[PDB]
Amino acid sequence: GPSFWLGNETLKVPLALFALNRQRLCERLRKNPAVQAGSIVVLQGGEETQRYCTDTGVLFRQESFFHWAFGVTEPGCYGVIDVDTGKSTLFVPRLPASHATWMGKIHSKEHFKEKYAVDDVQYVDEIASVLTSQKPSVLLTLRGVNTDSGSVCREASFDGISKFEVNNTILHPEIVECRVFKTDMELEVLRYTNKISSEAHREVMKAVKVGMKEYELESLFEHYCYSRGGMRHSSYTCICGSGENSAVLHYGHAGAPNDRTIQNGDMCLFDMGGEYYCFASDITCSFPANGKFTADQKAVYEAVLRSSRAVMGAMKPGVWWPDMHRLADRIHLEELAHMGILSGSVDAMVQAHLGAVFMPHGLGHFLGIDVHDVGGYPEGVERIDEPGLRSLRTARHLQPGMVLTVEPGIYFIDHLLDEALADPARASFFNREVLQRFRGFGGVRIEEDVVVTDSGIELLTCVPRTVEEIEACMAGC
């Protein structure tokens, strides 16, 4: 059996992985009472892209659904799967012999059959003819709404498609459910992205110096992942927040691109995750820039370590994800009170929604081929209309084989804080004189990637977490 491999110490991923996904999608559609006999799944791969109107090629990364079904790295492909038999056909672009002048050897269709271990390979321009000869009942295409972006997924289309019966509602929720439940072969890849990203995080912690620019660490992190782990891409733009910037969720975008000089006294919050063969990792480490936690940083950090461990210790099949988020809120509030920042009844603090002031984002989300993976809110799973909870990327109950991030945080965000101090239903909880000490603290977030097993979780991530472990990693070790 063939495998994708970037050599050295990188992971061998069997193409069988994708055969299993195809097989699981078919099994799921045969069980579907409204999937007609003789149906055929028709997916379209992503295409080569350029910067606006220039000839500057953009690096091609495969469309995620298409990758999940076939594992194909080349642009311009299509893929069909006969539902009743499970037979797979890949369609590759016809490159004219003259292209060998600027390409290498132009690969034969047979080269692609053995590469991807699919049942047949044909040219893209013969798609209409090839599907005609199969006399299918219906073409199942991919159309639906991603619940993190709001975008509608592009449906496959080819010249001549109008002569076929096309159903575009059935496939989306089904191919999404398959993706939510990771196979053992998929887990092996997620273990590997986490291992490599964990090593990269360790290296950053070793190298950080007061005086460096944040992007120096971004650069180091991507160099390790690529050179040591074959990860050409990151799963998302690196967030390298130091000082006040640790309080900016999604910092490091074009408008704030990791350009701050790290200073003595700053907390660093680093959320960086490499991507191997279109599989994600998503890992955040928080640590003092100088290698020594102050009392205040120890206190806030250990509050987050506490919610992290309490959530992970409680996760198991049947657990409603929003319950864990509320747990994290409660623990934050408890500890924020133990440290003297808040006073009064934790119950009262909860009933007021104070938790959302300190952790305005969701506790965690599905992870897979996308960092924010599909299937958090299928039909019938409602968004909870409350501050904090409304940002959860899923409201599902945990089941074995799900892959989630566990990412609690405590931040000191000036405009959430000024709001609470202006709301008489929230103001009384604050001790202004101690709060003043934490203005500009930034934030801590501790983000693990876990798998939901039959009875608990498997922790994918391996970074130092306790105060002791972190101060030791930063000093060598």
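Numbers for residues come from their place in the sequence shown, where the first is 1.
Mean CA temperature factor is higher for 431-439 when stretches 34-42 and 431-439 are set side by side in the entry.
For the segment pair 114-122 and 152-160, the entry gives 152-160 the higher mean B-factor, averaged over Cα atoms. For the set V176, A97, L190, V80, the PDB entry assigns the largest Cα B-factor to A97. Of the candidates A289, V381, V72, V180, the deposited coordinates give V381 the top C-alpha B factor. Looking at the C-alpha B-factors along this chain, the one for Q62 belongs to the middle third.
Compared with the other modelled residues of the chain, the Cα B-factor recorded for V452 ranks in the lowest third.
When the modelled residues of the chain are ordered by their C-alpha B factor, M339 lands in the middle third. The PDB entry assigns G388 a C-alpha temperature factor belonging to the highest third of its chain's modelled residues.
Annotation for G230: CA B-factor lies in the middle third of the chain's modelled residues.
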